[PDB]
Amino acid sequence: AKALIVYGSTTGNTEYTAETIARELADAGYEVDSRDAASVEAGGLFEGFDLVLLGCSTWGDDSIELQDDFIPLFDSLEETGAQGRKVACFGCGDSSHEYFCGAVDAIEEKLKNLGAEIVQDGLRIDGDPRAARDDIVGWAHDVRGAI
């Protein structure tokens, strides 16, 4: 009944993606809360939520880095209340890079170590998200059925 959507986005790709997802969940009857990573703090962030969706863009010149706003959260993921919590991940990227949506893997690896429960494989979007719109909607739909 309650979902938290936390996103880290620079050029607004991931932000558009997060809000598409939320419409999908709010439509199915969930109570939704969307938050910019810049605005939140890690201590008990997952408290009171049945499902969490975390999205981030991928950066870095010579190594894989997470979006700036997300870093603090990622760093203190141990304090969010992730053990046994149902999560799913997403992000925007560019397949011209070697590690296509490398942030997604990093987060997912981190969550499993914490004992989170990963409901579905992460959504990884190439180029412009409005052109992968049906894919976003498809995923939200799948996420829903995997609960």
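The numbering used is simple: start at 1 and walk along the sequence shown.
> Would you tell me which stretch averages the higher CA B-factor in the PDB entry, 92-100 or 25-33?
Higher mean C-alpha B-factor: 25-33.
> Mean C-alpha B factor from the entry: is it higher for 13-21 or for 128-136?
Of 128-136 and 13-21, the stretch with the higher C-alpha B-factor average is 128-136.
> So among 47, 69, 121, 65, who wins on Cα B-factor in the entry?
Result of the comparison over 47, 69, 121, 65: 65.
> Using the temperature factors of the C-alpha atoms in this entry, rank residue 38 within its chain: lowest, middle or highest third.
It belongs to the middle third of the chain when residues are ordered by C-alpha B-factor.
> Sorting the chain's modelled residues by C-alpha B-factor, tell me whether residue 55 ends up in the lowest, middle or highest third.
As the PDB entry reports it, the C-alpha B-factor of residue 55 lands in the lowest third of its chain.
> Where does the C-alpha B-factor of residue 143 rank in its chain, lowest, middle or highest third?
Middle third by C-alpha B-factor.
> Can you tell me which third, lowest, middle or highest, the CA B-factor of residue 87 falls into for its chain?
Its C-alpha B-factor, which the entry lists for residue 87, ranks in the lowest third among residues of this chain.
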